[PDB]
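>>> Here's a sequence, model it:
(4 chains, ligands or ions: 4)
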Number of protein chains: 4
Amino acid sequence: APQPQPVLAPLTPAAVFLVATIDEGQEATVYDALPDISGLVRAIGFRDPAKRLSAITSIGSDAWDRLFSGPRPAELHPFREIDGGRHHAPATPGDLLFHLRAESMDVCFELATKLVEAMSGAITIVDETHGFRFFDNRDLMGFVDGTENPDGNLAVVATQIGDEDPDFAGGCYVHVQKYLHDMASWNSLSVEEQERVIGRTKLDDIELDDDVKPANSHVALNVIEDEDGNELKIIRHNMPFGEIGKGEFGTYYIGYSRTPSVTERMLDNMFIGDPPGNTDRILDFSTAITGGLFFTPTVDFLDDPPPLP
Amino acid sequence: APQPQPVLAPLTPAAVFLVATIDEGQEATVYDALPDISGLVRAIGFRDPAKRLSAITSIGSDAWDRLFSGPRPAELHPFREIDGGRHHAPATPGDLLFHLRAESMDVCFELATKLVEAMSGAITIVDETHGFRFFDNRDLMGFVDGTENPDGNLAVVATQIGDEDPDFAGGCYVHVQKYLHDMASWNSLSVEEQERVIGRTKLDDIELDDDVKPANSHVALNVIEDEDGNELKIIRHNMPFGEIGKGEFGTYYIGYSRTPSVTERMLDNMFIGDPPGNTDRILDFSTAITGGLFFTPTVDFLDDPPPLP
Amino acid sequence: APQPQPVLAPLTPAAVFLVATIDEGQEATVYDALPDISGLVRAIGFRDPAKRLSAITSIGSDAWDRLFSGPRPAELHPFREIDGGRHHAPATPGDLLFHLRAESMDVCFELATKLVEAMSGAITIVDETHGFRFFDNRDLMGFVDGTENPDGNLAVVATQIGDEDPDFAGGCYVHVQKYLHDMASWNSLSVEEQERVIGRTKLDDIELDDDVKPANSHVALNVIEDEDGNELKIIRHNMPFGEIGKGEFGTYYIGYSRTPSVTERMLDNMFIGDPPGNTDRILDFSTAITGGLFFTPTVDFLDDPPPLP
Amino acid sequence: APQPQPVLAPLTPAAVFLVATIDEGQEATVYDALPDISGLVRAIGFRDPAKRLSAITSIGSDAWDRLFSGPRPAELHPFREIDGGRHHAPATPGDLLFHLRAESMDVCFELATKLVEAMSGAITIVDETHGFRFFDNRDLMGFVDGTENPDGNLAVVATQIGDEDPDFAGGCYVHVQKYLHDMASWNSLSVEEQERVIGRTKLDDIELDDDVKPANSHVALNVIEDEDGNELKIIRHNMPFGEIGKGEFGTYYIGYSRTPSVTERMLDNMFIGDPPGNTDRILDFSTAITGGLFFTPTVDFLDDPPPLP
Ligand code: HEM
Ligand code: HEM
Ligand code: HEM
Ligand code: HEM
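Residues are numbered from 1 along each chain as shown, chains lettered A, B, ... in the order given. Ligands and ions are numbered 1, 2, ... in the order given. Pasting the structure now:
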């Protein structure tokens, strides 16, 4: 009966990520537009319903204490800035996240055009990226991106909250991280070295052998084993963006998870690293620019918001 | 026998316009990359040949006097800045124009990635727009854009130079104009007022009646009659762009023509206007930001450049 | 007025190559079916005309002296077996070549089913390959295959015979070579070594720098300069095939050209090699299995065959 | 008449590098042992004089301001820690450097045993490496190490100070850098990739062609041209060391030069890199652990030290 937000969707060829911060004293203006979002999605994306326009509304901690009364999600907190040994993961202020995805750029652009002008003057858009998609789902590093997202049962228990928090049954936690990795050192780097970085191959994306794969690789550090033996997986819709006029080539990481402890332990395996391997090899090239922790509610939660405190 | 550049191509769902100015003393570096462009196009766009990756290399006046010896195109000059009564059409310095077009954003992005890094350090990219495409070829104004481009004979004699300049048989002239029209006044404006602006309808794009269409409309001012009775047409691949994080909603106008006198008389009918109607009604909302006049050579001209002076 | 055979067609996702030798005393049986081929093509491929079923009938030297009277193509001869220093290019007997190409496998299969059973008992099919097509037009080596085929004027003068032989104005010469290259040594070989083999990159297929590209590379040896300065190009529809049950991974090379001297000089640059570089680096891995020289006539030539001698 | 320290010696099969820091208030204790060093060398190495035991005493900046009065070497300063884009060159505190070299390990060990116990309690040995020597002067990377050291006149003007500083006529400057490069990524890397790293071949150590050698290679970045056209060379006795019990495989770099500007420009060409090539390819695998800048005096300077301030 709790219908979740469309996070369990395939990767789309175009995507728009909006991190908009809410201005002071503009609470009821966003409280108007928050039930209107699914109406705008069904209004716009029904023009070409075979484009699969799907918005993912997400709300941070500050916007939760401002906008909503009653309960609170249990692990919803501001994104812990990870000041590691060499690489730092910053956290810019962002109240709400609009994650838009469809088959083409225009319908995402029009949904975002109608989104901020349903709450005109209430928000300033802090982060504006138009994430496109490479040839066979690659990123700017050249490796195929996101091939280990689960499906079915191993995905809905990976993302959707059950009754471990029954007031928010259904709903995820989001970690956006806008990277801006350089290509000057990455392109001069040889392929095999880059497979040491990633942990899988580049052309065919075969995972490397367990003894051949180094301990500080990305696919080596990001898989998390529990003590019972099961592995905890997240679903990430990482879409590359970039502007050649500034020479920017970045991959907008965005990870959906049942609890932010899993994503934060992955980020601890990357930035803080393992106690053997204290650095992740992709962070030698990728520097995070933005950061934020958010919460997806259900679409019923946007349909029936709790009253404004 | 002169093969022209692929200007006679249909409008593609994604486009990248690059206006890069050449740095001082970096002439031979661009002279290396200028024969390499068609090779890079055939190299990249053959991956998915049903995406129709097509670059249009264009060269301004300064880059012609720097890069090429021998002859000169007859009407190639810097873009005359039109300081009208109220609206001004500026002209930023830009040496060469890279016009890229294909079915998706990624292959245009990768061709542009390989374009500046075939001449690394020789250029600074002044203007960086990623032109996407609306639902049924619309622009951000809401009207269907570019429905009066000719086809066949009325297009090749509209764009390709014959032997009126036999040293450049085949080849066009380009007028880029990056507009940044506001949507706050345009959206509050009513539809029939906007059809007085355009001159055609909005939903179905029927051209209005000749008596009903006002004299200061866009479609009224831009059609040019000659004294023999024939009309001179240009081919324009106007692609909308925009950034909602700045609130920008612009249409990157780009017009290909056999001679820049035709495009300049259209711009005189818009900015300077008719002596009856001195203003074009779309310029009440559209303010030009950039501007430039360029020259398309043949692909044989890039294959066989004249020697560097 | 001479309509050529559909050789100037884009690469299709499926292809069937048939090298059938004609049995002794079965001349008039093939002489029946040879005007019927375009009728069968228009009959079958009109079911889904957006599959682009296109047959290329080709005739060798023996089938020309048997089947046709009157003139002879000037350079039509049996395929000269190249016994180089280490690699040998054999020539199995094959009278006629059926080159079939369309968007799917089934309509090529049905055209080939109707082709041999229009001349039932007259031929034995010596070589039977079902050439499929990789992701972005790649081959089994992993490199994008066939990205330097010309288009337009530089293709029709590359393939179609003018009036240098006016009795066969329009028409090409075909060099089939069924390779069976091993993947055990190629996969263990590193990427940059393979880019020394090919001469272009692997992921993005950028051609290498002229000083960086070695002299014994494939793209280095196969480009042919003339003494006037023009380069002679051929059009090749190389389609990969293979059978994993035998561990076969081969690329069916097939090259169309205006004269077989160009293709034979390319094969001399590969097998015999340059006098500096006597071996082509791809022939370290690719061993030719079959070989044949054929002639495409016009479709008018199949419509109006010369009388049977 | 100024006899220099034995820096102009061939590479020996065993070497001991000692970086010992002087304790506070133990100045006169080292001032006792500093004239005794050549006496200990002639005392121990005369047992088997065909082992060529040769110590190179070196003194840093802090030990110069503590131990010696009067003048100062002109460019003697603490080793500037190079915090590049990705690779950092640290500088641990080390007052004096004992560089020992002979045909076998034992006589170097005994000279070092008598060296610290001639100044017992005055020093703590910060860095203790026993540099052995590979098959044909190789290092752990597998390449032959140090084959471009000059000889004769081009070596004595490369190392020994003339009267550009006449108070220290004869004498060098030392840059020690204890690397700890990993072998897991280097061994999985292929040979030709490693020759792109080094710039010379691996088995026979032929220098590569000037166009074939990449710009970010080690031998490409470390050769320094002046504006007059002469090249500045240093002499380096790089000896490999290592401990397999920790999995350490390192090459103790130690470079002797007439002025530290040359060695520091080489380190700037490596870590900071060229403005085209900002990284040296061997620094992808080699991470510096220690670092220090020292000064070799003459042996007459140890025989006649200036009075203790
Ligand atoms: C710096 C930007 C990043 C890039 C370019 C990147 C790219 C990749 C690539 C290419 C793979 C291998 C293909 C696949 O399995 O997805 C991968 C794996 C993965 N990435 Fe990322 N990634 C980035 C950051 C992150 C972050 C910040 C997280 C989470 C905190 C993350 C989570 C994962 C996970 C969980 C895997 C799969 C591990 C396994 O297969 O179980 N990535 N990433
Ligand atoms: C300010 C940005 C502009 C916008 C949004 C715009 C949009 C449009 C639209 C919607 C139409 C009607 C549909 C069609 O016929 O194309 C049109 C017509 C046209 N536009 Fe534009 N346009 C712009 C600027 C220009 C400029 C700067 C030129 C040339 C100097 C130009 C040349 C034309 C021409 C020639 C026509 C067709 C007139 C006729 O049908 O013969 N436009 N434009
Ligand atoms: C052994 C099987 C072969 C394979 C796997 C193969 C594959 C390739 C590949 C990957 C390229 C680079 C991409 C492109 O430009 O096409 C290439 C180039 C080429 N191949 Fe082949 N090829 C083979 C045999 C041949 C043969 C037998 C000929 C002709 C006698 C030939 C003619 C060419 C030509 C003319 C080029 C382009 C050179 C230039 O760009 O001007 N190939 N081939
Ligand atoms: C990271 C550890 C290093 C290793 C394993 C290493 C090894 C090598 C090797 C194998 C060569 C080529 C053979 C020969 O010419 O010597 C070489 C060349 C050279 N190395 Fe190093 N090296 C290292 C660091 C350094 C450093 C830190 C410097 C000086 C700042 C340096 C200075 C040179 C010079 C000047 C050359 C010769 C360039 C030319 O031939 O003119 N090396 N090194």
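>>> Make sure residue A:66 is actually in contact with residue A:24.
No - under the criterion of CB atoms under 8 Å, residue A:66 is not in contact with residue A:24, lying 9.2 Å apart. Just so you know, the C-beta spots here come from the backbone N, C-alpha and C atoms, and that holds for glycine as well.
>>> how about the residues of the stretch 101-250 of chain A that lie near chain B?
With CB under 8 Å from any CB of the partner chain as the criterion, the stretch 101-250 of chain A comes near chain B at residues A:104-107, A:109-110, A:112-113, A:116, A:125-128, A:130, A:132-135, A:242-246, A:249.
>>> Among these, name the ones in helices.
Among those, the members falling in helices (DSSP state H) are A:105, A:106, A:107, A:109, A:110, A:112, A:113, A:116.
>>> Can I get those in CSV including neighbour count?
Shown next, in CSV, are those (neighbours: other CB atoms under 10 Å in any protein chain shown):
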residue, neighbour count
A:105, 24
A:106, 21
A:107, 24
A:109, 24
A:110, 21
A:112, 23
A:113, 18
A:116, 20
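>>> closest to residue A:217 among these?
Nearest to residue A:217 among those, counting by CB to CB, is residue A:105 at 33.2 Å.
>>> and that closest one, how far is that from residue B:14?
The spacing between residue A:105 and residue B:14, counted by CB to CB, to the nearest Å, is 7 Å.
>>> Can you pull the residues that touch both of those two?
Taking CB atoms under 8 Å, 6 or more residues apart in numbering or on different chains as the criterion, residue A:105 and residue B:14 both touch B:105, B:132, B:133.
>>> Now the last one: closest residue in space, sequence neighbours ignored.
Nearest residue to residue B:133, sequence neighbours excluded (CB to CB, 6 or more residues apart in numbering or on different chains): residue B:13, at 4.5 Å.
>>> check contacts around the one you found.
By CB under 8 Å, 6+ apart, the contact set of residue B:13 is A:104, B:103, B:104, B:132, B:133.
>>> Kindly report the same for residue A:308.
With CB under 8 Å, 6+ apart, residue A:308 has these contacts: A:27, A:28, A:31, A:67, A:68, A:69.
>>> now with 7 Å?
Taking CB atoms under 7 Å, 6 or more residues apart in numbering or on different chains, we find residue A:308 in contact with A:27, A:28, A:31, A:67, A:69.
>>> now swap in residue A:219 and tell me
For residue A:219, the contact set (CB under 7 Å, 6+ apart) comprises A:198, A:199, A:200, A:207.
>>> Just send the residues you listed back as JSON lines, with secondary structure, neighbour count and distance to residue A:260 too.
As requested, the contacts of residue A:219 are exported to JSON lines (DSSP: H, G, I helix; E, B strand; the rest coil; neighbours: other CB atoms under 10 Å in any protein chain shown; distance: CB to CB, whole Å):
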{"residue": "A:198", "secondary structure": "helix", "neighbour count": "23", "distance to residue A:260": "25"}
{"residue": "A:199", "secondary structure": "coil", "neighbour count": "23", "distance to residue A:260": "24"}
{"residue": "A:200", "secondary structure": "strand", "neighbour count": "19", "distance to residue A:260": "26"}
{"residue": "A:207", "secondary structure": "strand", "neighbour count": "13", "distance to residue A:260": "26"}
